[PDB]
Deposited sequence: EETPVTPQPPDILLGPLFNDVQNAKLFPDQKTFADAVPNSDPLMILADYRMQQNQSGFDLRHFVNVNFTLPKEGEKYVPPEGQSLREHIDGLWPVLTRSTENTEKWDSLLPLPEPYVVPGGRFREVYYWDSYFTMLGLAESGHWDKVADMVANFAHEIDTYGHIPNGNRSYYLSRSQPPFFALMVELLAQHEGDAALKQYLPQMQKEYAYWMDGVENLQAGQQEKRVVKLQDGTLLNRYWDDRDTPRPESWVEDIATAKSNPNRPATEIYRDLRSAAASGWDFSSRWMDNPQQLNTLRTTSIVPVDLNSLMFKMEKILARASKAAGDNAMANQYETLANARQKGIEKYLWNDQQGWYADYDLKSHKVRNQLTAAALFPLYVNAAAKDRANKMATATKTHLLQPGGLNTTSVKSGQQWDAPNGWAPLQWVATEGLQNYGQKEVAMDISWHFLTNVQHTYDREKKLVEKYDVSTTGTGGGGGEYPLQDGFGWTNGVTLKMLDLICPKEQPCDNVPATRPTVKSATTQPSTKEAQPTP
């Protein structure tokens, strides 16, 4: 019997809703990750029967019908570098077969997870994680992960936000082609050839529907502007509350009776697809999450990543010996680059930004997403220079690169600094010889990382850059980026294992 993976709200019906609303567990993700002990359809029937009988106890019912999700001790005195290098096994999972009905989706090879409540692989986190794995010589683990993503492309049609049934309805910022280039650093062109069809199938997922799409319209993850410019947006195929944030999403939508709930759920999910759940970047009112409108906003990071995909597809086509095909992908990438420079650059403010599909204007706000055009080498040299200035002036802080300069109360905003954006900014700036700002981001963020390591003996998911669910530890992309920056800031011939206290 083939399986058709269904998310927990669908599998369990209102029992899911009831358990989440009762908040039997302090994290909504906990019950999303419960494994039913038997056919969920029969559990549901048993539940209706038991509610209509005498002394029913929901907590007792759950305990007998579900299995729920289940402390690293390093040797003493490790440097920052040793600590990170020793954590890889702790963050590695091997889940080749899962119980029927489990929300965790099987994967053929071992994979590194972020840490803490994140007990599954994450699409964009993995790239940054794999950079650290590659840096420390764990190439089997890098190849394992590229294989896992290729397998998901093959089985599902795309790479899901992560390997959970409740993540299938969306993807995440697309780094798979970049992971294939990373593997190519170790295996050579062989990597490009090995994964060309999977890269092409991913691209087709992102571009699905494009060829029948009329100008001025959108569908799924594609937009076609009035002049025919083709760009992508983040989109989730569902319009209901996220199982893993069930009560929160319902509260968010209920707090705004001015919009149908379904529209708000779709925008929340699509912001989860963007990786930036959540951010003033998406909101009409920077202090009210319930005003977000992610699907009406064309993201400049996503589109930089799509240019990069198209450029890598050209390189892999060529390596496969398909020259005419490589030229087709170059032509595609050239158009993407024109689209970015016209529609994703704000000439009044002097920086890259998202495009607004409601107002048909470039948006005003500067965020760390504005560095992606540099990261992918799509940007004009003159605009890269302006981005260095914008960065120095508005985003660089003592503890690293600020996500935005808006303190909204949300995670993807001031004062939060996120490792992936530190690295994207650093690499972006270096691409255009802006070494000083690059180095400032790197030193500032590392100093922040080392400080928390000294005091707490750990690394965490994000950092407050104003000085150098609860906060989670581990932590995949922080670890990977820390290794890359460490190497960057000390000479190649005399590497440091902790951030030097004096620059």
Fill in the blank from the handout: In sequence order, the deposited stretches missing their CA atoms are 1-2, 73-75, 474-481, 517-535
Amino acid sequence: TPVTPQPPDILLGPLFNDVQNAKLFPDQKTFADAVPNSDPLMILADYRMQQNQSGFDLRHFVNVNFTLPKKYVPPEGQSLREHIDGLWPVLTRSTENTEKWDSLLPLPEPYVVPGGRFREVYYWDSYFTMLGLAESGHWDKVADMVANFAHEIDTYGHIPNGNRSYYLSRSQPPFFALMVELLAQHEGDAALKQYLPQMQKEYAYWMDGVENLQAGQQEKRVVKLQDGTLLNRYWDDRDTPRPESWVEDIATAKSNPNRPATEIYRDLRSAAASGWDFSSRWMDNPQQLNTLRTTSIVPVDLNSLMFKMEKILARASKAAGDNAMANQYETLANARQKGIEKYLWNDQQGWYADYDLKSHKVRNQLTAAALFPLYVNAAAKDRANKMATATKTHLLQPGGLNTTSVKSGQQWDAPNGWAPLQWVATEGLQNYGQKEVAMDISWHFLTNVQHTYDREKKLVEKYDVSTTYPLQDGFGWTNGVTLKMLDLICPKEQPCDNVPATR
From here on, numbers count along this sequence of modelled residues.
Exercise for the section: Find out whether the coordinates of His151 are absent in at least a third of the other compared PDB entries of the same protein. Expected result: no
Problem - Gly400 left out of the model in a third or more of other PDB entries - result: no
Completion exercise
Comparing mean C-alpha B factor in the record for 171-179 and 322-330, the higher one is 322-330
Problem - 490-498 or 5-13, whichever carries the higher mean Cα B-factor - result: 490-498
Practice task
Kindly indicate the residue among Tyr432, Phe128, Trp412, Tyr122 with the greatest C-alpha B-factor in the PDB record.
Solution key: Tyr432
Handout entry: Largest Cα B-factor, entry values, listed residues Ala32, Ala438, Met42, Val460
Key = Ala438
Fill in the blank from the handout: Chain-relative C-alpha B factor for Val146 (record values, thirds): the lowest
Practice task
Name the third of the chain's ranked CA B-factors that contains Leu421, choosing lowest, middle or highest.
Solution key: lowest
Exercise for the section: Select lowest, middle or highest to describe the third in which the CA B-factor of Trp477 falls within its chain in this entry. Expected result: lowest
Problem - Ranked C-alpha temperature factor of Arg164 among modelled chain residues, by third - result: lowest
Practice task
Just say lowest, middle or highest third for the CA B-factor of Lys71 relative to the other modelled residues in its chain.
Solution key: highest
